[PDB]
Each structure stands twice: as C-alpha cells, then as structure tokens.
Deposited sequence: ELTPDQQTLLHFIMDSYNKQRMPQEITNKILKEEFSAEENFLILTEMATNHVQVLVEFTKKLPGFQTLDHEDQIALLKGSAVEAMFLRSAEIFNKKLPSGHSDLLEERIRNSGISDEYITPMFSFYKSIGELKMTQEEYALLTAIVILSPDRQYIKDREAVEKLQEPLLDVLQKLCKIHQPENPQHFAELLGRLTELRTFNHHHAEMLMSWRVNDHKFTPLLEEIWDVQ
C-alpha cells in the first residue's frame, strides 16, 4: 500500500456520480414492450455516459492530458465501460438496477440473439469472478485509460499503470490462493473488446429499423 491513497479517491469518484433513482425506477415501473424497452435502455445509456464523464474527469491526472486524446479515450471506452457497469448490476444485483427487469428489457429491445447470447455469457463469467467494488472500479478506470485506442499513447500509460499495479496488489492481497486471478480479470477485458464490434452491428440494425439515440450517445458512438 505504498500510496494506496489513489484508491481512496478512485472509490470516492466511483461512488460520487450516480444515476438518479427517479430515472432507474423506470426499469421497474414502465410498460414492457419492444419500443418502451429500447427507450428506457437509451435513457439509461445516455445518463450513464454523463456519469462516466464525471468519473473519468476525477481520475488521477486525466485533466492534465491532451484535450483531443481525452475525447479519443472517452469514445474508445464508452461501450466497454457500460458493459462493465451493467455486468456489475447483474452480478451484485444492485437494487436500483432492477436486474431481472433490466434483463427483460435488454432481451426485448431489437437486439439479435447473436449478440444477446455472448452478452449474458459475459455477464455470467464476470459474476463467477466474485469481484469486489474496488475491482469493478479499478477495471473501469483501467479500461477508460487504455493507450491502444484509435487516434500520444505514452502519457496514457503513465496514468494507467499505477492503477494496474493497485489491481495487481489487491488480487495478491485479497485472493492469495489463486495467483491466476489477476490474469483472469485481464482475460475478461479481451472478452470485453469483443462487444465493440457487436455493438456497432447492434447500432446498425437499430438505425435501419428507425431507432434514433440521443445527441450525447450519437457523439460518443459516432452515430
């Protein structure tokens, strides 16, 4: 724990920005139909992007980075960060996530079976890791600060590696019996990358069937 203080304000940041209960109540409260399911998912996503931006801002030395690479990182990690947060809802059964009803809506929102299947297979796998909130938080931070996104890569690594080290330590400090556990997590990140292509195809399908998104989502996903 040489300087685990950075973990302090990361969890502070991770708990800081939150989805309003009035908005997440719609997952439970509203009609269940293909159209309403899609609209609720779109509202959740566009709200979560704003939560994401506020989390990213608070990250160590994010604001000191190059301005246009900051956009490149936000755009590159958006889908992956939403998959991770949604995974956390399903895995921990976050009350305000209403996971069983969230699942009903995802399974009837115009998404192909081809994408539903690996989506929920991913959710189950990540759940079986039995991760803590600090793991979810650090993985999210690591995912956001990826040096290999399209469009200097070096200064991103300076911000990311410290977080990878803290995650590396917490595995050896909270799972001593499995020293393949850190590797396990990193493997699931590669599985997470798989959903970038899936999501681009999902957007195409939705668009040709006359679905529109929000200005914010349209910007961050290049719609």
Missing CA stretches, deposited numbering from 1, N-terminus first
1 to 3, 155 to 156, 229
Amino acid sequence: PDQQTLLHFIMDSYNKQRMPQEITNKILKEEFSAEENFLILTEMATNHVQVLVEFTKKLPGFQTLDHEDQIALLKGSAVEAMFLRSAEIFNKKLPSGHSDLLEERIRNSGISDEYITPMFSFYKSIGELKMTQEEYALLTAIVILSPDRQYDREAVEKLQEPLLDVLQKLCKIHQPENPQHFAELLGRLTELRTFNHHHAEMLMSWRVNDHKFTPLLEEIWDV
From here on, numbers count along this sequence of modelled residues.
Output the stretch having the higher mean C-alpha B factor in the entry; the candidates are 168 to 176 and 25 to 33.
168 to 176
Stretch with higher mean Cα temperature factor, 77 to 85 vs 134 to 142, is 134 to 142
Highest recorded C-alpha temperature factor, please, choosing from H67, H198, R193, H48.
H67
Which of these has the highest Cα B-factor in the record: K124, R105, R153, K92?
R153
Sorting by Cα B-factor within the chain, modelled residues only, which third would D100 end up in: lowest, middle or highest?
lowest
Consider only the C-alpha atoms of the modelled residues in this chain, order them by B-factor as the entry records it, and name the third containing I40: lowest, middle or highest.
lowest
